[PDB]
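protein00.pdb follows (PDB, N, CA, C and O atoms):
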```pdb
MODEL        1
ATOM      1  N   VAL A   1     -99.752 109.474 187.052  1.00  0.00           N
ATOM      2  CA  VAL A   1     -99.301 108.165 186.595  1.00  0.00           C
ATOM      3  C   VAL A   1     -99.297 108.086 185.072  1.00  0.00           C
ATOM      4  O   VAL A   1     -98.478 107.385 184.479  1.00  0.00           O
ATOM      5  N   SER A   2    -100.218 108.811 184.445  1.00  0.00           N
ATOM      6  CA  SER A   2    -100.325 108.820 182.991  1.00  0.00           C
ATOM      7  C   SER A   2     -99.286 109.755 182.376  1.00  0.00           C
ATOM      8  O   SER A   2     -98.959 109.648 181.195  1.00  0.00           O
ATOM      9  N   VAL A   3     -98.770 110.672 183.189  1.00  0.00           N
ATOM     10  CA  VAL A   3     -97.769 111.626 182.728  1.00  0.00           C
ATOM     11  C   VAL A   3     -96.375 111.008 182.743  1.00  0.00           C
ATOM     12  O   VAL A   3     -95.462 111.496 182.076  1.00  0.00           O
ATOM     13  N   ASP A   4     -96.218 109.933 183.506  1.00  0.00           N
ATOM     14  CA  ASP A   4     -94.935 109.247 183.606  1.00  0.00           C
ATOM     15  C   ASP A   4     -94.519 108.675 182.255  1.00  0.00           C
ATOM     16  O   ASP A   4     -93.417 108.920 181.762  1.00  0.00           O
ATOM     17  N   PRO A   5     -95.418 107.891 181.641  1.00  0.00           N
ATOM     18  CA  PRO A   5     -95.166 107.268 180.338  1.00  0.00           C
ATOM     19  C   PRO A   5     -95.132 108.286 179.204  1.00  0.00           C
ATOM     20  O   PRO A   5     -94.811 107.949 178.064  1.00  0.00           O
ATOM     21  N   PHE A   6     -95.464 109.532 179.524  1.00  0.00           N
ATOM     22  CA  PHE A   6     -95.472 110.600 178.531  1.00  0.00           C
ATOM     23  C   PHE A   6     -94.269 111.521 178.713  1.00  0.00           C
ATOM     24  O   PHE A   6     -94.000 112.382 177.874  1.00  0.00           O
ATOM     25  N   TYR A   7     -93.548 111.333 179.812  1.00  0.00           N
ATOM     26  CA  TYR A   7     -92.375 112.148 180.107  1.00  0.00           C
ATOM     27  C   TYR A   7     -91.334 112.022 179.000  1.00  0.00           C
ATOM     28  O   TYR A   7     -90.900 113.021 178.427  1.00  0.00           O
ATOM     29  N   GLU A   8     -90.939 110.787 178.704  1.00  0.00           N
ATOM     30  CA  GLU A   8     -89.947 110.532 177.667  1.00  0.00           C
ATOM     31  C   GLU A   8     -90.428 111.054 176.315  1.00  0.00           C
ATOM     32  O   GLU A   8     -89.629 111.288 175.408  1.00  0.00           O
ATOM     33  N   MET A   9     -91.739 111.233 176.189  1.00  0.00           N
ATOM     34  CA  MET A   9     -92.326 111.728 174.949  1.00  0.00           C
ATOM     35  C   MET A   9     -92.211 113.247 174.862  1.00  0.00           C
ATOM     36  O   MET A   9     -91.552 113.779 173.967  1.00  0.00           O
ATOM     37  N   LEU A  10     -92.856 113.939 175.794  1.00  0.00           N
ATOM     38  CA  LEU A  10     -92.825 115.397 175.823  1.00  0.00           C
ATOM     39  C   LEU A  10     -91.402 115.909 176.018  1.00  0.00           C
ATOM     40  O   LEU A  10     -90.968 116.839 175.340  1.00  0.00           O
ATOM     41  N   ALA A  11     -90.680 115.293 176.948  1.00  0.00           N
ATOM     42  CA  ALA A  11     -89.304 115.684 177.230  1.00  0.00           C
ATOM     43  C   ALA A  11     -88.388 115.352 176.056  1.00  0.00           C
ATOM     44  O   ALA A  11     -87.892 116.247 175.373  1.00  0.00           O
ATOM     45  N   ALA A  12     -88.167 114.062 175.829  1.00  0.00           N
ATOM     46  CA  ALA A  12     -87.312 113.613 174.738  1.00  0.00           C
ATOM     47  C   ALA A  12     -88.007 113.783 173.391  1.00  0.00           C
ATOM     48  O   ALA A  12     -89.104 113.267 173.178  1.00  0.00           O
ATOM     49  N   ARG A  13     -87.361 114.510 172.485  1.00  0.00           N
ATOM     50  CA  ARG A  13     -87.917 114.750 171.159  1.00  0.00           C
ATOM     51  C   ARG A  13     -87.777 113.512 170.279  1.00  0.00           C
ATOM     52  O   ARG A  13     -88.266 113.482 169.148  1.00  0.00           O
ATOM     53  N   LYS A  14     -87.107 112.491 170.804  1.00  0.00           N
ATOM     54  CA  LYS A  14     -86.903 111.250 170.067  1.00  0.00           C
ATOM     55  C   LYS A  14     -88.236 110.583 169.743  1.00  0.00           C
ATOM     56  O   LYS A  14     -88.315 109.725 168.864  1.00  0.00           O
ATOM     57  N   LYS A  15     -89.282 110.985 170.457  1.00  0.00           N
ATOM     58  CA  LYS A  15     -90.613 110.429 170.244  1.00  0.00           C
ATOM     59  C   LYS A  15     -91.083 110.678 168.816  1.00  0.00           C
ATOM     60  O   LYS A  15     -91.316 109.737 168.056  1.00  0.00           O
ATOM     61  N   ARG A  16     -91.221 111.949 168.454  1.00  0.00           N
ATOM     62  CA  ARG A  16     -91.664 112.320 167.117  1.00  0.00           C
ATOM     63  C   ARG A  16     -90.700 111.792 166.058  1.00  0.00           C
ATOM     64  O   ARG A  16     -91.058 111.665 164.887  1.00  0.00           O
ATOM     65  N   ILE A  17     -89.479 111.484 166.480  1.00  0.00           N
ATOM     66  CA  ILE A  17     -88.463 110.968 165.568  1.00  0.00           C
ATOM     67  C   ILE A  17     -88.650 109.474 165.327  1.00  0.00           C
ATOM     68  O   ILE A  17     -88.484 108.990 164.208  1.00  0.00           O
ATOM     69  N   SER A  18     -88.997 108.748 166.385  1.00  0.00           N
ATOM     70  CA  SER A  18     -89.206 107.309 166.289  1.00  0.00           C
ATOM     71  C   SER A  18     -90.592 106.995 165.735  1.00  0.00           C
ATOM     72  O   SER A  18     -90.973 105.832 165.604  1.00  0.00           O
ATOM     73  N   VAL A  19     -91.343 108.042 165.411  1.00  0.00           N
ATOM     74  CA  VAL A  19     -92.687 107.880 164.870  1.00  0.00           C
ATOM     75  C   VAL A  19     -92.665 107.076 163.575  1.00  0.00           C
ATOM     76  O   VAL A  19     -91.768 107.235 162.747  1.00  0.00           O
ATOM     77  N   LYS A  20     -93.659 106.210 163.405  1.00  0.00           N
ATOM     78  CA  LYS A  20     -93.756 105.381 162.211  1.00  0.00           C
ATOM     79  C   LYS A  20     -93.949 106.241 160.965  1.00  0.00           C
ATOM     80  O   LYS A  20     -93.688 105.798 159.846  1.00  0.00           O
ATOM     81  N   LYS A  21     -94.402 107.473 161.167  1.00  0.00           N
ATOM     82  CA  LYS A  21     -94.626 108.396 160.061  1.00  0.00           C
ATOM     83  C   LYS A  21     -93.329 108.661 159.302  1.00  0.00           C
ATOM     84  O   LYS A  21     -93.310 108.676 158.071  1.00  0.00           O
ATOM     85  N   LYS A  22     -92.246 108.868 160.044  1.00  0.00           N
ATOM     86  CA  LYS A  22     -90.945 109.130 159.442  1.00  0.00           C
ATOM     87  C   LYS A  22     -90.366 107.861 158.824  1.00  0.00           C
ATOM     88  O   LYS A  22     -89.485 107.923 157.968  1.00  0.00           O
ATOM     89  N   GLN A  23     -90.869 106.712 159.265  1.00  0.00           N
ATOM     90  CA  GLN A  23     -90.401 105.428 158.753  1.00  0.00           C
ATOM     91  C   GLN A  23     -90.989 105.145 157.375  1.00  0.00           C
ATOM     92  O   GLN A  23     -90.460 104.328 156.622  1.00  0.00           O
ATOM     93  N   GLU A  24     -92.084 105.825 157.052  1.00  0.00           N
ATOM     94  CA  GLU A  24     -92.744 105.644 155.764  1.00  0.00           C
ATOM     95  C   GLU A  24     -91.975 106.357 154.656  1.00  0.00           C
ATOM     96  O   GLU A  24     -91.036 107.107 154.921  1.00  0.00           O
ATOM     97  N   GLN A  25     -92.381 106.117 153.414  1.00  0.00           N
ATOM     98  CA  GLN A  25     -91.730 106.735 152.264  1.00  0.00           C
ATOM     99  C   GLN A  25     -92.219 108.167 152.067  1.00  0.00           C
ATOM    100  O   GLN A  25     -93.404 108.469 152.207  1.00  0.00           O
ATOM    101  N   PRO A  26     -91.285 109.070 151.732  1.00  0.00           N
ATOM    102  CA  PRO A  26     -91.596 110.485 151.508  1.00  0.00           C
ATOM    103  C   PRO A  26     -92.405 110.705 150.235  1.00  0.00           C
ATOM    104  O   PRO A  26     -92.657 111.843 149.838  1.00  0.00           O
TER     105      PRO A  26
ENDMDL
END
```
Step by step, read the file and then write its structure as structure tokens.
Amino acid sequence: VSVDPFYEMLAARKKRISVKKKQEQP
């Protein structure tokens, strides 16, 4: 059940992309 909400994360690389880290200033 905990892997379900993590599927879109591990599977879709959009996760690390939508990260607030990238939203910050370089």
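Between atom CA of residue A:18 and atom CA of residue A:6 lies a distance of 14.1 Å.
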Revision key, fill the gap. Pairwise distance, atom O of residue A:2 with atom C of residue A:24, equals 27.6 Å
Practice item. Please return as a ChimeraX atom specification: the residues of chain A that backbone DSSP assigns to alpha helix (DSSP H). Key: /A:4-10,14-18,20-23
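A straight line drawn from atom N of residue A:10 to atom O of residue A:26 is 26.0 Å long.
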If I wrap all listed atoms of stretch 3-18 of chain A in a box with edges along x, y and z and add 3 Å on each side, what are its centre and edge lengths in Å to one decimal, as JSON?
```
{"center_x": -92.8, "center_y": 111.3, "center_z": 173.9, "size_x": 17.9, "size_y": 17.0, "size_z": 25.4}
```
